[PDB]
>>> print(open('target-v3.csv').read())   # CSV, C-alpha atoms
chain,number,residue,atom,x,y,z
Z,1,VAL,CA,105.0,74.2,108.4
Z,2,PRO,CA,101.7,75.1,110.0
Z,3,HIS,CA,101.4,78.9,109.8
Z,4,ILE,CA,98.3,79.2,112.0
Z,5,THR,CA,97.1,82.5,110.3
Z,6,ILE,CA,97.4,84.1,106.9
Z,7,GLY,CA,100.3,86.6,106.5
Z,8,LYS,CA,99.7,90.0,104.8
Z,9,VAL,CA,102.4,89.2,102.1
Z,10,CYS,CA,100.4,86.1,101.1
Z,11,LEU,CA,97.0,87.9,101.0
Z,12,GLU,CA,98.5,90.7,98.9
Z,13,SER,CA,100.0,87.9,96.6
Z,14,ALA,CA,96.8,85.9,96.4
Z,15,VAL,CA,94.6,88.9,95.4
Z,16,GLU,CA,97.0,89.4,92.4
Z,17,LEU,CA,95.4,86.5,90.5
Z,18,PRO,CA,92.3,88.3,89.2
Z,19,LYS,CA,94.4,91.4,88.5
Z,20,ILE,CA,97.0,89.4,86.5
Z,21,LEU,CA,94.2,87.6,84.5
Z,22,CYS,CA,92.5,91.0,83.7
Z,23,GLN,CA,96.0,92.3,82.7
Z,24,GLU,CA,96.5,89.2,80.4
Z,25,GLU,CA,93.1,89.8,78.7
Z,26,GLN,CA,93.9,93.6,78.4
Z,27,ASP,CA,97.3,92.9,76.8
Z,28,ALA,CA,95.8,90.4,74.3
Z,29,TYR,CA,93.1,93.0,73.5
Z,30,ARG,CA,95.7,95.8,73.1
Z,31,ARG,CA,97.8,93.6,70.7
Z,32,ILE,CA,94.4,93.1,68.8
Z,33,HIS,CA,93.8,96.9,68.7
Z,34,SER,CA,97.4,97.5,67.6
Z,35,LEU,CA,96.5,96.3,64.0
Z,36,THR,CA,94.8,99.6,63.1
Z,37,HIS,CA,94.2,98.2,59.5
Z,38,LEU,CA,91.1,96.3,60.8
Z,39,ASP,CA,87.3,96.0,60.2
Z,40,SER,CA,84.8,97.7,62.5
Z,41,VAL,CA,82.4,94.6,62.7
Z,42,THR,CA,85.5,92.6,63.7
Z,43,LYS,CA,86.2,95.1,66.5
Z,44,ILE,CA,82.6,94.7,67.7
Z,45,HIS,CA,83.0,90.9,67.6
Z,46,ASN,CA,86.3,91.2,69.6
Z,47,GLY,CA,84.6,93.6,72.1
Z,48,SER,CA,81.9,91.0,72.6
Z,49,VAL,CA,84.6,88.3,73.1
Z,50,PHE,CA,86.4,90.5,75.6
Z,51,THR,CA,83.2,91.2,77.6
Z,52,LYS,CA,82.3,87.5,77.8
Z,53,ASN,CA,86.0,86.6,78.8
Z,54,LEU,CA,85.9,89.1,81.7
Z,55,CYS,CA,82.4,87.9,82.7
Z,56,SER,CA,83.8,84.4,82.9
Z,57,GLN,CA,86.8,85.7,84.9
Z,58,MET,CA,84.5,87.4,87.4
Z,59,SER,CA,82.0,84.3,87.6
Z,60,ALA,CA,84.9,81.8,88.1
Z,61,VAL,CA,87.6,83.7,90.0
Z,62,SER,CA,86.9,87.2,91.6
Z,63,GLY,CA,83.4,86.2,92.8
Z,64,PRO,CA,84.4,82.9,94.6
Z,65,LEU,CA,87.6,84.6,95.9
Z,66,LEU,CA,85.5,87.5,97.5
Z,67,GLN,CA,83.0,85.0,98.8
Z,68,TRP,CA,85.8,83.0,100.5
Z,69,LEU,CA,87.2,86.2,102.1
Z,70,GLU,CA,83.7,87.1,103.4
Z,71,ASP,CA,83.3,83.5,104.9
Z,72,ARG,CA,86.8,83.7,106.4
Z,73,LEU,CA,86.0,87.1,108.0
Z,74,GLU,CA,82.9,85.4,109.6
Z,75,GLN,CA,85.1,82.5,110.8
Z,76,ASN,CA,87.7,85.0,112.1
Z,77,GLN,CA,85.0,87.0,114.0
Z,78,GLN,CA,83.6,83.8,115.6
Z,79,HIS,CA,87.2,82.6,116.5
Z,80,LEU,CA,88.1,86.0,118.0
Z,81,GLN,CA,84.9,85.9,120.1
Z,82,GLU,CA,85.7,82.3,121.4
Z,83,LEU,CA,89.4,83.2,122.0
Z,84,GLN,CA,88.4,86.4,123.9
Z,85,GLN,CA,86.0,84.3,126.0
Z,86,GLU,CA,88.8,81.8,126.7
Z,87,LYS,CA,91.3,84.6,127.5
Z,88,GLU,CA,88.8,86.1,130.0
Z,89,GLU,CA,88.2,82.6,131.6
Z,90,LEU,CA,92.0,81.9,132.0
Z,91,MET,CA,92.6,85.5,133.3
Z,92,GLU,CA,89.8,85.0,136.0
Z,93,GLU,CA,91.2,81.5,136.9
Z,94,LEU,CA,94.8,82.8,137.4
Z,95,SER,CA,94.3,86.4,138.7
Z,96,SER,CA,92.4,85.6,142.0
Z,97,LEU,CA,95.2,83.1,143.2
Z,98,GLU,CA,97.3,86.3,144.2
R,1,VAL,CA,68.1,73.7,32.9
R,2,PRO,CA,70.1,76.8,32.0
R,3,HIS,CA,68.1,79.7,33.5
R,4,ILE,CA,70.3,82.5,31.9
R,5,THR,CA,69.1,85.2,34.4
R,6,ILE,CA,68.0,85.4,38.1
R,7,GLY,CA,64.3,85.2,38.9
R,8,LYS,CA,63.0,87.5,41.7
R,9,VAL,CA,61.6,84.4,43.6
R,10,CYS,CA,65.2,83.1,44.1
R,11,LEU,CA,66.5,86.5,45.4
R,12,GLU,CA,63.4,86.5,47.8
R,13,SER,CA,64.4,82.9,48.9
R,14,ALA,CA,68.2,83.7,49.3
R,15,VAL,CA,67.6,86.8,51.5
R,16,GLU,CA,65.6,84.5,53.9
R,17,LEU,CA,68.8,82.7,55.0
R,18,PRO,CA,70.1,85.6,57.2
R,19,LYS,CA,66.6,86.1,58.6
R,20,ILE,CA,66.4,82.4,59.6
R,21,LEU,CA,69.9,82.4,61.2
R,22,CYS,CA,69.0,85.6,63.1
R,23,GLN,CA,65.7,84.1,64.2
R,24,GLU,CA,67.4,80.9,65.3
R,25,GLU,CA,69.9,82.9,67.5
R,26,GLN,CA,67.0,85.1,68.8
R,27,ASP,CA,64.9,82.0,69.7
R,28,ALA,CA,67.9,80.4,71.5
R,29,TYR,CA,68.3,83.7,73.5
R,30,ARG,CA,64.6,83.9,74.3
R,31,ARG,CA,64.5,80.3,75.6
R,32,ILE,CA,67.7,81.1,77.6
R,33,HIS,CA,65.8,84.0,79.4
R,34,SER,CA,62.9,81.7,80.4
R,35,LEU,CA,64.6,81.0,83.8
R,36,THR,CA,64.5,84.7,84.7
R,37,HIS,CA,66.0,84.0,88.1
R,38,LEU,CA,69.7,83.9,86.8
R,39,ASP,CA,73.0,85.6,87.6
R,40,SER,CA,73.4,89.2,86.1
R,41,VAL,CA,77.1,88.7,85.0
R,42,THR,CA,75.9,85.4,83.4
R,43,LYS,CA,73.3,87.4,81.5
R,44,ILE,CA,76.0,89.9,80.3
R,45,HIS,CA,78.1,86.9,79.2
R,46,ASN,CA,75.1,85.4,77.2
R,47,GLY,CA,74.4,88.9,75.7
R,48,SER,CA,78.0,89.1,74.6
R,49,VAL,CA,77.7,85.5,73.1
R,50,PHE,CA,74.6,86.6,71.2
R,51,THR,CA,76.3,89.7,69.9
R,52,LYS,CA,79.4,87.7,68.8
R,53,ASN,CA,77.2,85.1,67.1
R,54,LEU,CA,75.3,87.8,65.1
R,55,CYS,CA,78.6,89.6,64.3
R,56,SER,CA,79.9,86.2,62.9
R,57,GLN,CA,76.7,85.8,60.9
R,58,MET,CA,77.0,89.3,59.4
R,59,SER,CA,80.8,88.9,58.7
R,60,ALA,CA,80.4,85.4,57.1
R,61,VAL,CA,76.9,85.5,55.5
R,62,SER,CA,75.0,88.9,55.1
R,63,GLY,CA,78.3,90.8,54.3
R,64,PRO,CA,79.6,88.4,51.5
R,65,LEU,CA,76.0,88.0,50.2
R,66,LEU,CA,75.6,91.9,49.9
R,67,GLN,CA,79.0,92.1,48.3
R,68,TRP,CA,77.9,89.4,45.7
R,69,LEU,CA,74.7,91.4,45.0
R,70,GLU,CA,76.7,94.7,44.4
R,71,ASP,CA,79.2,92.8,42.2
R,72,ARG,CA,76.3,91.3,40.2
R,73,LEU,CA,74.7,94.8,39.8
R,74,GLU,CA,78.1,96.1,38.4
R,75,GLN,CA,78.4,93.0,36.1
R,76,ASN,CA,74.8,93.6,34.9
R,77,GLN,CA,75.5,97.3,34.1
R,78,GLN,CA,78.7,96.4,32.1
R,79,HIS,CA,76.8,93.5,30.3
R,80,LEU,CA,73.9,95.9,29.5
R,81,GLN,CA,76.4,98.4,27.9
R,82,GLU,CA,78.1,95.5,25.9
R,83,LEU,CA,74.7,94.1,24.8
R,84,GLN,CA,73.5,97.6,23.7
R,85,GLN,CA,76.7,98.0,21.7
R,86,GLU,CA,76.1,94.6,20.1
R,87,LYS,CA,72.4,95.5,19.4
R,88,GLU,CA,73.5,98.7,17.6
R,89,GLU,CA,76.2,96.7,15.6
R,90,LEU,CA,73.6,94.1,14.5
R,91,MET,CA,71.1,96.9,13.6
R,92,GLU,CA,73.7,98.6,11.4
R,93,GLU,CA,74.7,95.2,9.9
R,94,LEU,CA,71.1,94.4,8.9
R,95,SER,CA,70.3,98.0,7.7
R,96,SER,CA,73.3,98.3,5.4
R,97,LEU,CA,73.3,94.6,4.1
R,98,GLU,CA,69.9,93.4,2.8
>>> encode(input="target-v3.csv", output="structure tokens")
Amino acid sequence: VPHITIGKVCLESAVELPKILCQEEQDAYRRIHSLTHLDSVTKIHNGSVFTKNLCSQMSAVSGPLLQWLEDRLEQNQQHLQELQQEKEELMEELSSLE
Amino acid sequence: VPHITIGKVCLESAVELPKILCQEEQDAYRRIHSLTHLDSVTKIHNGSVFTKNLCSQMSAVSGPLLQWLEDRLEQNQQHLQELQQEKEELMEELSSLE
């Protein structure tokens, strides 16, 4: 079914992806940190891994998602301007007839 | 050829391996930074990779090598004590005999 515009529910659901990925990484890391009986150098290694993982998440997901939302705001601004122009044109065409 | 004990030359050669591995990683990182015009999150990711690589190098090479050298020092102390005991025993055996 063509839903001409994006619903608030679907935007609030689509922005959940980076949050859920970050929560997945955090839960994996918490399960890693749960084993208290652990080397310090291993913890530094795991910290480096966690940093690179979230850097990948931001480079591949959050960044492009935010860029798409900015581009869509530009598209929406242009479309609103054109539709306001068309509304004024139709209002002028119909109003003077009476 | 059975070389009963360690020459200093071989220790000075064995300690060059961690240096060469660290230098290899460092040269990789330096050649990575040549295209300075690069994303910042990507540079954080590459820094994390460098840190994880050196953490692995220390966990798998430098650490076990240092443990081996400490174990060898303990072995040499025990062996020195045993050989001193044996030297005293042979000194007594040759003094009392003829």
>>> interface_residues(input="target-v3.csv", of="chain Z", to="chain R", cutoff="9 Å", atoms="only C-alpha atoms", output="list in words")
residues 41, 42, 44, 45, 46, 47, 48, 49, 50, 51, 52, 53, 54, 55, 56, 58 and 59 of chain Z
>>> write_last_selection(input="target-v3.csv", atoms="C-alpha atoms", output="short mmCIF file (atom, residue, chain, number, x, y, z; two decimals), in the frame of the given file")
data_model
loop_
_atom_site.label_atom_id
_atom_site.label_comp_id
_atom_site.auth_asym_id
_atom_site.auth_seq_id
_atom_site.Cartn_x
_atom_site.Cartn_y
_atom_site.Cartn_z
CA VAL Z 41 82.40 94.60 62.70
CA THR Z 42 85.50 92.60 63.70
CA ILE Z 44 82.60 94.70 67.70
CA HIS Z 45 83.00 90.90 67.60
CA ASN Z 46 86.30 91.20 69.60
CA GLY Z 47 84.60 93.60 72.10
CA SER Z 48 81.90 91.00 72.60
CA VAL Z 49 84.60 88.30 73.10
CA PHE Z 50 86.40 90.50 75.60
CA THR Z 51 83.20 91.20 77.60
CA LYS Z 52 82.30 87.50 77.80
CA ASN Z 53 86.00 86.60 78.80
CA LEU Z 54 85.90 89.10 81.70
CA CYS Z 55 82.40 87.90 82.70
CA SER Z 56 83.80 84.40 82.90
CA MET Z 58 84.50 87.40 87.40
CA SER Z 59 82.00 84.30 87.60
#
>>> calpha_fit_rmsd(input="target-v3.csv", fixed="chain R", moving="chain Z")
1.2 Å
>>> atom_distance(input="target-v3.csv", atom1="CA of residue 62 in chain Z", atom2="CA of residue 77 in chain Z")
22.5 Å
>>> residues_around(input="target-v3.csv", residues="residue 57 in chain Z", least_positions_apart="6", cutoff="12 Å", atoms="all atoms listed in the file", output="PDB file with C-alpha atoms, in the frame of the given file")
ATOM      1  CA  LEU Z  17      95.400  86.500  90.500  1.00  0.00           C
ATOM      2  CA  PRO Z  18      92.300  88.300  89.200  1.00  0.00           C
ATOM      3  CA  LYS Z  19      94.400  91.400  88.500  1.00  0.00           C
ATOM      4  CA  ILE Z  20      97.000  89.400  86.500  1.00  0.00           C
ATOM      5  CA  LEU Z  21      94.200  87.600  84.500  1.00  0.00           C
ATOM      6  CA  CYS Z  22      92.500  91.000  83.700  1.00  0.00           C
ATOM      7  CA  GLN Z  23      96.000  92.300  82.700  1.00  0.00           C
ATOM      8  CA  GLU Z  24      96.500  89.200  80.400  1.00  0.00           C
ATOM      9  CA  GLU Z  25      93.100  89.800  78.700  1.00  0.00           C
ATOM     10  CA  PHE Z  50      86.400  90.500  75.600  1.00  0.00           C
ATOM     11  CA  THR Z  51      83.200  91.200  77.600  1.00  0.00           C
ATOM     12  CA  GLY Z  63      83.400  86.200  92.800  1.00  0.00           C
ATOM     13  CA  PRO Z  64      84.400  82.900  94.600  1.00  0.00           C
ATOM     14  CA  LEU Z  65      87.600  84.600  95.900  1.00  0.00           C
TER      15      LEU Z  65
ATOM     16  CA  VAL R  41      77.100  88.700  85.000  1.00  0.00           C
ATOM     17  CA  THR R  42      75.900  85.400  83.400  1.00  0.00           C
ATOM     18  CA  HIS R  45      78.100  86.900  79.200  1.00  0.00           C
TER      19      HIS R  45
END
